[PDB]
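Structural overview
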Amino acid sequence: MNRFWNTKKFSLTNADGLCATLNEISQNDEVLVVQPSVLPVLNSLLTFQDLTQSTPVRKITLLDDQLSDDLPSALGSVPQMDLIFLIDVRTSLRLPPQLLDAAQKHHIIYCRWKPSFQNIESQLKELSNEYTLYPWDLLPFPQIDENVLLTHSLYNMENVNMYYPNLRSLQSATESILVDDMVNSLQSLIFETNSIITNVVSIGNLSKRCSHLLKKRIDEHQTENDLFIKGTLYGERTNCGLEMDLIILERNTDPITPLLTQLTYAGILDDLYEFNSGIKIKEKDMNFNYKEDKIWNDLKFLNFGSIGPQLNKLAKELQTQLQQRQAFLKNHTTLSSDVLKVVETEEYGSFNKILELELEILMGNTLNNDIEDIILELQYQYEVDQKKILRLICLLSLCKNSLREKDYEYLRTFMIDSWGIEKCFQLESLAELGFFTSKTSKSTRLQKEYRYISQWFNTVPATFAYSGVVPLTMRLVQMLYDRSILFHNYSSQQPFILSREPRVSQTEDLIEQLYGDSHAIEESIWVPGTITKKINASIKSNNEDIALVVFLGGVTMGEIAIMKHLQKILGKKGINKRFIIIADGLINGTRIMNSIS
Amino acid sequence: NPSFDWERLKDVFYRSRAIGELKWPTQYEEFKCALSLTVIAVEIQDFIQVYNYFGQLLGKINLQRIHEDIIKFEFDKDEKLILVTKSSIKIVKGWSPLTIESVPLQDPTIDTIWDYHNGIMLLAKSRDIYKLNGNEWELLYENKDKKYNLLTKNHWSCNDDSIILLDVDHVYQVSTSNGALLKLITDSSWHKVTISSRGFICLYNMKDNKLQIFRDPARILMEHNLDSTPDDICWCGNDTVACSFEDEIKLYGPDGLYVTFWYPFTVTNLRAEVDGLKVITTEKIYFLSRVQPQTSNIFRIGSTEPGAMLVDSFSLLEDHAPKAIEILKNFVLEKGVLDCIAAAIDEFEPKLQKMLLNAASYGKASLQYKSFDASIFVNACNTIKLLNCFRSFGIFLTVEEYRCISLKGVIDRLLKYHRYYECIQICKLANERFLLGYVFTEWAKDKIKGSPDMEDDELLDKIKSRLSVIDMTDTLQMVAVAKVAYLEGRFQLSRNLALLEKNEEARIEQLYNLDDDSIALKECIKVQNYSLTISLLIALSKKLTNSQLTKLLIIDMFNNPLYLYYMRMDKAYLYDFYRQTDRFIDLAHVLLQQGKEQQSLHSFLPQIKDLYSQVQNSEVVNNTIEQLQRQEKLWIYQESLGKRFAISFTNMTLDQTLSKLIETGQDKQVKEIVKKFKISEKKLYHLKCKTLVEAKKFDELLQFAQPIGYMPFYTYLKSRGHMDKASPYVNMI
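Residues numbered from 1 in each chain as written, not as in the entry; some residues may be left out. Chains lettered and ligands numbered in written order. Part of a larger assembly, values for the part shown. Heavy atoms only, no water. Residues with missing side-chain atoms left out of burial classes, pairs and counts.

Method information in the entry identifies cryo-EM as the source of the structure, with 4.4 Å recorded as the resolution.

Given below as C-alpha cells:
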C-alpha cells in the first residue's frame, strides 16, 4: 500500500489509457472532439505537445454550439483527419445535445471508471447503426496536491451543483446520482491499490448511504478467503498490520466554512477567480502543476500574508545560484502582485472590512438591531457584490440558528428591493437548504448557535486557513483520533485521550444536541481486528496508515490545508496518519450562490 | 504377471481384456445391432431395445406400428438413434417423451435414400451424395453421367473427411468441404473399405483375399494374402486391421504376420473405437487394445526397464525392507515413477491400479525436494477415480476416449435417458462446477417442459428446493429456465424464476422482456444502480405510449424524480407533466427557469402568481405572494412615471427606479415612493448619497443635511472622487 498508494502513478496510468485506446482506433491523422466539461481534465493529464507525439491527433474541438457550421469545416477536416468524439455521461445520463444534433446535419470515447470485477447508449440508436464504443478507463488522479484526489462528480455539463441543484424538485435524484458516482470512483481506487478497508466513520445522513452502498458492492465481490490472500501476499509492510480509515463527510455537516472568506494562497486565488476541472485560472494562466512548479508546492497553502515576504527569500536565493526557475519566481511574484493590488482597490477595498466583520458574527458580537446598518452599508457605501452579501446574510442565520421574524422579513424584503424580484426565489432556495431560515429525505442540517460550537470545539482560539477560525470539519475529524480538543471544553466523560483507530464512543450525545439527532454519526466496523485482520497480519509477520477522507459535496481549499496541519499535529502526538483527501470538486461561497436559485 | 498372452506382431505387444458383460445370449445378437460408445441397439421384432454394455435396459423405442420401412439405424456422435427409412430419416431426441424429429428429403418423389453412414447419405436411383448438416439434406456432390457402380451396399464408407466410394474398376473419392472427385487408382476390383478415424484406408478383394491397407495412393503398407474370407474387417483403433473367422479374430500387422485371439464364443459385431476394437460375443464383450510402451516395460516377462524394477522393489518392501532400498539406488528413479503413473491409468482392474499407484508413491518421495511436481500423481489418481466411477453407471471409457470427449460428452450421454442424479455425483466427483450448472438447468428445463398440469405453487418449490442444495454460481442460468417457463406458457412463475437470479442485469432484462414492466421497474430501485435504471426507462419509453409512461411514473416513481432529471433540457415535457401530476409549486420553477433562460421574467411573472394561489397549503407561500403583490404595485407604478416624466422605467427595481428620480431630481415622487412602498428612513439617505456623489459635485447635501449618524456623509465624499469640499462636513459632525 505504501508503494502502491502513490497518487503520481494514477495520473500516468490514466494518460497511458487514453493514448493506448486512441491509437487502436486509427493510425491516420485524427481530430479529437472534446466535451467542454471534460477538456480541463485532459489538459491536466497531458499537454498538446505530448498528445500529438504518441497519437495521431492534431486538432481538438469543443462540443459547443459553435461546432455546427465549424462541423462542416471539420467535415472537410474529417476526410483529412478522423473524428473521434469524447463525451462524459456518468453524471448527466444524457449525451450532449450538440453532438447528437450535428450527426444528422453533416466514433465516440466515453469516460468510465476502471472496471472492478470483470477484469445509456440506446439514445444514439435512433441516429444510425455501426456505432463504435471504446471505453476509456479512468482513475481519480491528483491535480492540486499529492494527497488530494478529485473525481469531478459535483458538476455535470450544465454546471449545476449535484449536491445543490438549481431545480429544487430534482434534489431527490440529482443528489442520489452523486452518491452512486462516489462509490464507483472509490471502488476504482480500492481495487487498483488492492487495499482492505478497516473501520469506517460517516457523519451525515447522506454519508451513510455512501458507506452502505460501498459495503454492498465490496461484500458482493470479495470473501474472507479473498481477503486473507490480498493482505498477506501484498507485503502489508510487516510493521503493524491492516488499517484503512474511511472517514466520510458531507457538506451540510459544516455549511459555515464555505461561507467564510478564504486566506490561503490557493484559497484567495480560488476566491477571486474560479478554478476549473484542471485547476487553471482562465483570465491569466500558467502551468499550475505541482510536479513542475516546485515553488507552487511550498506556497499553495501558506497564509497569503506570508507569500509576499517569503517570496523575497526565494527571489534572493537564486541570486547566489535555473532559467526555468527564473520565470517561476517572477510569475508567482506577479500573481502576488496582481492579487495584492486587487485586494485594496476592488469594492473600495472591503477585504479587511469583510474579514473583521465575519468575526463579529462568529462570536455573537453582532446584535439584533445592528443588521440594518451593517448590511445596508456594505451594499451601498462599499458597492460590494451581491454574492458577497448573500453569502454574508446566510452566515448570519447559521451562526445564530435562526433569525428573528422582525429581521427575517426585513432582510428578505431589502434583498428584493436592491436586486429585483429574482431574489425572492434565490432567497427561497436558501431557506429550504437551511442556509437562511427563521424561527418559524430529511438531510442533516446545523441546529445550534455558533457560540456553542466555538465554546465546545474551540473553533475560535492554526487559524491561518480562514479569518481566525478553525473549520468545524477539522474538529470533527480530529475528535476521532484526538479527544484533547474536547477534554478542555467538553469533558468529564471522554473514554480516552489518543486513539490510533477512529472511535465514535460517547460522542453520539454531542451530535444529538448539535444536529438534532443522535444517530447522525455511526461507525459500522469492517473486518474485525484480531478475528480476521491481526490473524492475517501476524500470519505474514512471522511466517503509514492511509486514512481516506471522502468529502461528499466538495471541499473548500481552506479545508484541504487544514487537514495537512491536522495530519502534522497528529504525527507529533503519537497517532501517525496519512490523510488522502478524496473529494468530488472544489466548492466556495461564490460557487454555491451561482448554484442555488 | 498379467502377460499371460500379450502377443506381438513384430515389436509391439497386443492384449485382450474383458469389457462389461452382455445379457442377451439369444437371437438379439443375430438380430441387427449398432454401437456407438456405451449403448447397443437391437431390433427385437417390433421392439427396438437399447442396452448398455452391462445389460441394463435404458430406453425402449417401440415401433409406432411401422409407418415407414426401417432398413438400418446407427448413432452418429451423441448416441442418438438415426433410424433411416426409404422415404426419410428420423433421428431421436428423447426416450421418455419420444420426440423423433423426422428429416425429409426436399423432393421425396423421384429418388430415395439408399444408404446412410455417419452423416453423408447416398440416394438410390441417381446416386447423389448428400450430407446431414442439421434438419435438412445439405447437398455435397452433384450427379453426373457414369458416376459410380457400387456392386452392393457394402462398397463405401466415410468418417469425417474422405468419402471414399468404391467403383467397379476405379476407387473414387470425395471430400466433405468441397465435394469433388479425387480418383485414386485406375485399376481396382475391391469390395470393402473401413477408413478409420485418422484416415488409414483399407480394402479387400474377396476373390483372392488381398487386404491392402493404405494411407494414400501410389503406396502400399501391407499386402497379406490371408486364407479364408473374413466376416467383419474392423479397425484396431488407428494402427492395425483385424478380421473375424468363426470365433477367430486376428489382428493383422506388418510383413505378413498376425496374432490370433481365440474366443470361447462366436464373434457377432466389431466396433472400431479410437484406441480399441471392442468385440461382441453372445455372453460378454472384449477389447483388443494395444499395449502401450509403459505397460510393455513394467509387466514384460524378464524386464529390465526402470519401470519394472520399481514394481519389484515395492513387492519386496513387505519382508525384505532392508533389501529393497538398494534396488532403488541402482536405476534412474525418474522413469520408474512416471512409468507406473502412466501405466496405472491404462489398467482396468482396480487391484493392479492400487498396486501400481502404491509403487509410484513408494518411489516418488525418493527424489530431490523439487525434483518434479506431485500434480502428476494427484491428477492420475483423479483420472483413475473418475474412470472407475463411470464403470459403476454402465459407461466404460478408456483414458483416450474420456479426453477425446470431455466430461460434457459423458453428461450428454446420460442426460438423454434422464439420469440427472448420477450426473450430479459425477460433476461433484470431478470437482467441476460449470458442468454442475449445465446438469441442473437441463433438469429444470425438462421438468417445466414435462408435467404440464402441475400447479405453480408446488412446482416453484421443486426448482427452489433442488437449487438450494447445489452450491454453484455463474452457470445456473435461470434466464434459460425462465425462457422455458415462458415457452410453456406458465408465465406466473416466470417472473418468480426471474426474481431468483444473482445477476442484476439479467434479472431486469428478463423481467422487462416478460412484460411485467411494473415489477421490473420496482426491483431496479433495490439495486440502487441509477445507471441501470435510467437505461431501462429510455428502453421502456421506446415501446410504451406517452401517457402510459406517466401513469407508471406517478404510481411507482412518486418520490424518485430520476426520469425527469434525464430530460431536464426538455422544458416542454416537464411543463405538461407537472400540471397533469397536479404539482403546482414545482411547476412554478419550470416557469421561472424559462424566464431566466430567455431573460424575461415579467412575461411569466403573473402566471407564477397564479400557481401559488392554487395550493395555499403552506406559510412561505403567503410570504412569496406578498413579495409578488408588492411587486405588482411596483410594476404598475412604473408606467405612472413613464406617463408623466417621459422616461423608460421597464425592468427596473425599486432601488434603481428611485436612483433615477434623484438623478433627474424630484421632490414628492421620491417621497411618494418612500411612504407608499414602505422604504426605511436609512435606505433613502445612502441611495441618493451614492447617486448624488456621482452627479458631479451636486453640493445639495448641505441643503439636504437639514439618521445615518452624520458620519457616512464624509465617507461618500471622502472615499470617492469628491475629496475636495469635504471640509464643510468636517465641522458638521
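Across its full length, chain B holds 29 helices and 21 strands. A compact globule built from 733 residues would reach a C-alpha radius of gyration of about 27 Å, whereas chain B, at 48 Å, exceeds it by more than 25%. (Helix = DSSP H or I, 4+ residues; strand = E, 2+ residues; numbered from the N terminus. Rg over C-alpha atoms; globule rule 2.2 N^0.38 Å.)

It is worth spelling out the sheet that holds strand β20 (residues 279–280) of chain B at this point. All names here are of chain B. With antiparallel pairing, the 4 strands of this open sheet are ordered in space as β3-β21-β20-β19. In this open sheet, the two strands that pair with only one neighbour each are β3 (17–19) and β19 (269–270). Here 3 bridges tie β3 to strand β21 (residues 285–287), and the two strands are oriented antiparallel to one another. Note on β21: the bridge partner recorded for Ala18 is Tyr286. (Pairing = 2+ DSSP bridges.)

Here we take up the environment of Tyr252 of chain B. All names here are of chain B. The topology assignment puts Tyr252 in strand β17 (residues 248–252). On the accessibility criterion, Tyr252 (1% relative accessible area) is buried. When the C-alpha positions of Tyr252 and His224 are compared, they lie 8.3 Å apart, and in sequence the two are 28 residues distant. The contact partners of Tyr252, leaving out residues within four places of it in the chain, are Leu9, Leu211, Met222, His224, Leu226, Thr240, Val241, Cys243, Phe245, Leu257 and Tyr258. (Buried < 20%, exposed > 50% of the residue type's maximum accessible area, 1.4 Å probe, protein only. Contact = heavy atoms within 4.5 Å.)

Let's shift gears to the pattern of salt bridges. Counting across every chain of the model gives 47 salt bridges over all chains. Across the pair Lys406 of chain A and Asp407 of chain A runs a salt bridge, and its minimum N-O distance is 2.9 Å. When the shortest N-O distance is used, the salt bridge between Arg583 of chain B and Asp586 of chain B registers 3.4 Å. A relative accessible area of 17% means that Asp586 of chain B is categorised as buried. Members of the salt-bridge network, linked through shared partners, are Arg15, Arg17, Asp346 and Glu347 of chain B. (Salt bridge = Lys/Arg side-chain N within 4 Å of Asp/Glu carboxyl O.)

Bringing the sheet that holds strand β13 (residues 121–123) of chain B into the picture now. Residues and elements named next belong to chain B. Sheet architecture is open: 3 strands sit in the order β12-β13-β14, paired in antiparallel fashion. Each edge of the open sheet is held by one strand with a lone partner, namely β12 (113–116) and β14 (129–130). Bridge count between β13 and β14: 2 bridges; the pairing is antiparallel. Bridged to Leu122 within β14 is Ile129.

Now for the environment of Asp232 of chain B. Residue and element names in this part refer to chain B. Tracing the backbone through its elements, the reader meets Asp232 in the loop between β14 and β15 (235–236). Placed 17 residues apart in sequence, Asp232 and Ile249 show a C-alpha to C-alpha distance of 9.3 Å. If sequence neighbours within four positions are ignored, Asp232 has contacts with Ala242, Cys243, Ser244, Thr268, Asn269 and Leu270.

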